[PDB]
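Notes follow the structure.
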Amino acid sequence: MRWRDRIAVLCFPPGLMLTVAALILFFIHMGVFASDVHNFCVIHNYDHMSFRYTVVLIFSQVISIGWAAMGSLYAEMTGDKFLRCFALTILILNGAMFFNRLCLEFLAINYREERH
Amino acid sequence: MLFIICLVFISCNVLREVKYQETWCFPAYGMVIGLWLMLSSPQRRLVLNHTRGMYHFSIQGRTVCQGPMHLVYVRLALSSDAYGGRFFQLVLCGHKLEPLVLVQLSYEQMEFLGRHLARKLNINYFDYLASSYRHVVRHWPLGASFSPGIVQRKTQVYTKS
Amino acid sequence: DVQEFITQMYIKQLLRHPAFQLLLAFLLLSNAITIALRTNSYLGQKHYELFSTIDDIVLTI
Amino acid sequence: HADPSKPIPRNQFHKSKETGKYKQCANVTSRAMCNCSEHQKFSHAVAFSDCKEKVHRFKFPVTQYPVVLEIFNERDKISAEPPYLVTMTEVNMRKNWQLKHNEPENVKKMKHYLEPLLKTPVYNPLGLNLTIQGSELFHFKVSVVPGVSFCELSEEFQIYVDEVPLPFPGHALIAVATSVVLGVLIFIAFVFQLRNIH
Ligand SMILES: *[C@@H]1O[C@H](CO)[C@@H](O[C@@H]2O[C@H](CO)[C@@H](O)[C@H](O)[C@H]2NC(C)=O)[C@H](O)[C@H]1NC(C)=O
Ligand SMILES: *[C@@H]1O[C@H](CO)[C@@H](O)[C@H](O)[C@H]1NC(C)=O
Ligand SMILES: *[C@@H]1O[C@H](CO)[C@@H](O)[C@H](O)[C@H]1NC(C)=O
């Protein structure tokens, strides 16, 4: 019960701030990808997608991967095994989103607009 | 790191109002804005309780940790560069506080206020009584628990052959 | 303070590492070859997809 | 190349299904009932599109495509003159094309008067250059500006550009893909080394 009481009073060791800041980003991203794969597939509507924000989505997903990496090592530098088995997934978790949000792009490539 | 909060929040404001007038290029500089307030938050004030040789760490009126300062002396560890460079890092009593490293080390007035402060704080200024190159002996009061480093602190220290 | 020096130790042992330098040299050299070949209207098109990809990969790195 | 008694190429989406009309071969079920002459197939005119199956094909970027316009006058066929100013439109509404032209000081005043009244830019023949950045069929329409002839002069041509390289979000994306894919392997060593020292 000591562990929570300390950090309840005051701020946090560095690893917790970054890592959790990628969990919200993982959800904020999980929402949008769901709606985009919703509209592309179920209601088969090609209007209510991204393609107005196709860059900020990808940019953030780079941050959401990088921030997990920096936060992970701090936990592993501290060595707390609870964090160690925790963050490593969050690196691979957000690694799943990036490789999925990237295949939704090469799928909706003939459905976005044109640039060349 | 409130200066960064001071830095990013200003940038957001100048980026708050703009007219890009460009296709796509969604104005989403707000991803910075969160980073501004994030580092903003709790002033840190450290008091040297030299009466009992103690050091208690707190900020905004909430104690975090404490430890005695029986062996007190000023130490600055070397932070070498990948180029042919020399940089200063100040670690006092073998502890991990806010870095009091020598700013703009590569400064006479900067080190002058330290000698008064080390005189004000009533601890030795080892890196000042002889200030040419890397020469400081960490005190590392026995109140701390840096055993893998506290003993190793003398290992990096030169014993003058 | 104890930890980040190792992370700084890691940054040094990566950035100053010679395999990294050799890879970056290989990329920039390949890009220079692509520039030389683009100085030819015919080959400008046929592998336009490859030249553009390499062009962006080197910039991101 | 409407053979209505067939499936249809792209009906995903609702709006696409709504925006369709067979102007010729409009109610028949067997492409057999509608009659398309050989000249109907050969000519690029609108309302002849349903009979159109073979088109001129073009390699990705079409640059400096010469629009040669000839006026036929029984006895002769002369080239289009600067007095016969012209307008280009794209009947299919596509808008990834450019037209380059030279303006000698014979139309600076014709061009400047006509553009607001017509609300569509007017070009000088004899120097027309067409540039295309697209991956499918383009149907253009060339019309002499009203007020200079008693006979509408007009012309139709079709260009099918194929081999287009990739829509934008597909090189910046590959660029970020490789970097992060690499950057993970870099990250692997940093963690992996920690377990080795420990
Ligand atoms: C449209 O393209 C034609 C090329 O077919 C250009 O005609 C050439 O113009 C140059 C002058 O810049 C001459 O030296 C060439 O002899 C011309 N070639 C032919 C075949 O006529 C024409 O200039 C272009 N139009 C514009 C407005 O630049
Ligand atoms: C069928 O199409 C013809 C055009 O050829 C049109 O005149 C007629 O009104 C149409 N009738 C129906 C029932 O669609
Ligand atoms: C096409 O020709 C046939 C006879 O060859 C004729 O019966 C038919 O009506 C024609 N098609 C149309 C749409 O009139």
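Residues are named by chain letter and number: chains run A, B, ... in the order of the structure tokens, numbers start at 1 in each chain, and ligands are numbered from 1 in the order shown.
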- Task: Using only C-alpha atoms and all ligand atoms, find each residue with an atom at most 9 Å away from ligand 1 and format the answer as a VMD selection string.
- Result: chain D and resid 64 to 67 99 to 103 124 to 130
Saved selection, atoms kept: C-alpha atoms, as a short mmCIF file (atom, residue, chain, number, x, y, z; two decimals), in the first residue's frame:
```cif
data_model
loop_
_atom_site.label_atom_id
_atom_site.label_comp_id
_atom_site.auth_asym_id
_atom_site.auth_seq_id
_atom_site.Cartn_x
_atom_site.Cartn_y
_atom_site.Cartn_z
CA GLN D 64 3.41 19.00 -74.31
CA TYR D 65 0.63 17.16 -76.11
CA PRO D 66 0.02 19.26 -79.25
CA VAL D 67 -3.59 20.30 -79.84
CA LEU D 99 -2.90 23.87 -70.85
CA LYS D 100 0.05 26.05 -71.86
CA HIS D 101 -0.22 28.75 -74.51
CA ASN D 102 1.56 31.85 -75.78
CA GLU D 103 -0.12 35.25 -75.79
CA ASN D 124 -4.67 31.12 -78.29
CA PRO D 125 -4.57 28.30 -80.84
CA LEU D 126 -1.41 27.42 -82.82
CA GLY D 127 0.50 27.15 -79.53
CA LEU D 128 -1.68 24.91 -77.39
CA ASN D 129 0.16 22.33 -75.22
CA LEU D 130 -1.69 19.78 -73.05
#
```
- Task: Within 8 Å of ligand 3, which residues show up when you count only C-alpha atoms and all ligand atoms? List them as a ChimeraX atom specification, please.
- Result: /D:25,28,32-35
Suppose we keep C-alpha atoms; can you now write the selection as a PDB file, in the first residue's frame?
```
ATOM      1  CA  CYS D  25     -28.448   2.165 -75.893  1.00  0.00           C
ATOM      2  CA  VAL D  28     -32.405  -1.996 -74.780  1.00  0.00           C
ATOM      3  CA  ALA D  32     -27.584  -6.080 -80.110  1.00  0.00           C
ATOM      4  CA  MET D  33     -30.684  -3.770 -80.285  1.00  0.00           C
ATOM      5  CA  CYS D  34     -28.627  -0.500 -80.306  1.00  0.00           C
ATOM      6  CA  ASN D  35     -26.851   0.205 -83.658  1.00  0.00           C
TER       7      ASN D  35
END
```
Could you give me, as a PDB file with N, CA, C and O atoms, in the first residue's frame, the residues within 10 Å of region 24-29 of chain C, counting only C-alpha atoms and dropping anything in the same chain fewer than 6 positions from it?
```pdb
ATOM      1  N   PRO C  18      30.397   2.261 -36.273  1.00  0.00           N
ATOM      2  CA  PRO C  18      30.793   2.263 -37.689  1.00  0.00           C
ATOM      3  C   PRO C  18      29.827   1.560 -38.621  1.00  0.00           C
ATOM      4  O   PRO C  18      29.798   1.902 -39.809  1.00  0.00           O
ATOM      5  N   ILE C  35      20.747  10.024 -58.719  1.00  0.00           N
ATOM      6  CA  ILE C  35      20.784  11.365 -59.291  1.00  0.00           C
ATOM      7  C   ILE C  35      21.492  11.344 -60.634  1.00  0.00           C
ATOM      8  O   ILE C  35      21.052  11.980 -61.595  1.00  0.00           O
ATOM      9  N   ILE C  54      13.671   5.895 -53.006  1.00  0.00           N
ATOM     10  CA  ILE C  54      14.996   6.073 -52.417  1.00  0.00           C
ATOM     11  C   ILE C  54      15.188   7.517 -51.987  1.00  0.00           C
ATOM     12  O   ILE C  54      15.732   7.804 -50.910  1.00  0.00           O
ATOM     13  N   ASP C  55      14.739   8.445 -52.832  1.00  0.00           N
ATOM     14  CA  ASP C  55      14.790   9.869 -52.545  1.00  0.00           C
ATOM     15  C   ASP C  55      14.179  10.198 -51.197  1.00  0.00           C
ATOM     16  O   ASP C  55      14.715  11.017 -50.446  1.00  0.00           O
ATOM     17  N   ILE C  57      13.454   7.901 -48.690  1.00  0.00           N
ATOM     18  CA  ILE C  57      14.041   7.107 -47.615  1.00  0.00           C
ATOM     19  C   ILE C  57      15.278   7.794 -47.064  1.00  0.00           C
ATOM     20  O   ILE C  57      15.462   7.911 -45.841  1.00  0.00           O
ATOM     21  N   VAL C  58      16.147   8.265 -47.955  1.00  0.00           N
ATOM     22  CA  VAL C  58      17.366   8.904 -47.485  1.00  0.00           C
ATOM     23  C   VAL C  58      17.040  10.176 -46.714  1.00  0.00           C
ATOM     24  O   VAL C  58      17.679  10.480 -45.700  1.00  0.00           O
ATOM     25  N   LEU C  59      16.044  10.938 -47.166  1.00  0.00           N
ATOM     26  CA  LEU C  59      15.709  12.163 -46.454  1.00  0.00           C
ATOM     27  C   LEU C  59      15.190  11.866 -45.059  1.00  0.00           C
ATOM     28  O   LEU C  59      15.579  12.532 -44.094  1.00  0.00           O
ATOM     29  N   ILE C  61      15.903   9.335 -43.206  1.00  0.00           N
ATOM     30  CA  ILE C  61      17.008   8.913 -42.351  1.00  0.00           C
ATOM     31  C   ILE C  61      17.867  10.102 -41.945  1.00  0.00           C
ATOM     32  O   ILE C  61      18.313  10.197 -40.795  1.00  0.00           O
TER      33      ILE C  61
END
```
- Query: Can you list, as a PyMOL selection string, every residue of region 94-136 of chain D that DSSP puts in alpha helix (DSSP H)?
  - Reply: chain D and resi 110-118
- Interface residues on chain D facing chain C, 10 Å, only C-alpha atoms, written as number ranges by chain: D: 59-61, 164-166, 170-179, 182-183, 186, 189-190, 193
Against chain D, which residues of chain A fall within 9 Å? For each one I want the closest pair of atoms and the distance in Å (one decimal), counting only C-alpha atoms, rows by chain and increasing residue number, as JSON lines.
```
{"residue": "A:44", "atom": "CA", "partner": "D:13", "partner_atom": "CA", "distance": 6.3}
{"residue": "A:45", "atom": "CA", "partner": "D:13", "partner_atom": "CA", "distance": 6.0}
{"residue": "A:46", "atom": "CA", "partner": "D:13", "partner_atom": "CA", "distance": 6.9}
{"residue": "A:51", "atom": "CA", "partner": "D:169", "partner_atom": "CA", "distance": 8.9}
{"residue": "A:54", "atom": "CA", "partner": "D:169", "partner_atom": "CA", "distance": 7.8}
{"residue": "A:55", "atom": "CA", "partner": "D:169", "partner_atom": "CA", "distance": 8.6}
{"residue": "A:58", "atom": "CA", "partner": "D:173", "partner_atom": "CA", "distance": 8.2}
{"residue": "A:59", "atom": "CA", "partner": "D:176", "partner_atom": "CA", "distance": 9.0}
{"residue": "A:62", "atom": "CA", "partner": "D:180", "partner_atom": "CA", "distance": 7.5}
{"residue": "A:65", "atom": "CA", "partner": "D:180", "partner_atom": "CA", "distance": 8.5}
{"residue": "A:69", "atom": "CA", "partner": "D:187", "partner_atom": "CA", "distance": 7.2}
{"residue": "A:72", "atom": "CA", "partner": "D:191", "partner_atom": "CA", "distance": 8.7}
{"residue": "A:73", "atom": "CA", "partner": "D:191", "partner_atom": "CA", "distance": 6.8}
{"residue": "A:76", "atom": "CA", "partner": "D:194", "partner_atom": "CA", "distance": 7.7}
{"residue": "A:77", "atom": "CA", "partner": "D:194", "partner_atom": "CA", "distance": 7.8}
{"residue": "A:95", "atom": "CA", "partner": "D:184", "partner_atom": "CA", "distance": 8.9}
{"residue": "A:98", "atom": "CA", "partner": "D:177", "partner_atom": "CA", "distance": 8.6}
{"residue": "A:99", "atom": "CA", "partner": "D:177", "partner_atom": "CA", "distance": 8.3}
{"residue": "A:102", "atom": "CA", "partner": "D:173", "partner_atom": "CA", "distance": 7.4}
{"residue": "A:105", "atom": "CA", "partner": "D:169", "partner_atom": "CA", "distance": 7.2}
{"residue": "A:106", "atom": "CA", "partner": "D:170", "partner_atom": "CA", "distance": 6.9}
{"residue": "A:109", "atom": "CA", "partner": "D:167", "partner_atom": "CA", "distance": 6.3}
{"residue": "A:110", "atom": "CA", "partner": "D:167", "partner_atom": "CA", "distance": 7.4}
{"residue": "A:112", "atom": "CA", "partner": "D:167", "partner_atom": "CA", "distance": 8.1}
{"residue": "A:113", "atom": "CA", "partner": "D:167", "partner_atom": "CA", "distance": 7.6}
{"residue": "A:114", "atom": "CA", "partner": "D:167", "partner_atom": "CA", "distance": 5.6}
{"residue": "A:115", "atom": "CA", "partner": "D:168", "partner_atom": "CA", "distance": 4.9}
{"residue": "A:116", "atom": "CA", "partner": "D:167", "partner_atom": "CA", "distance": 4.8}
```
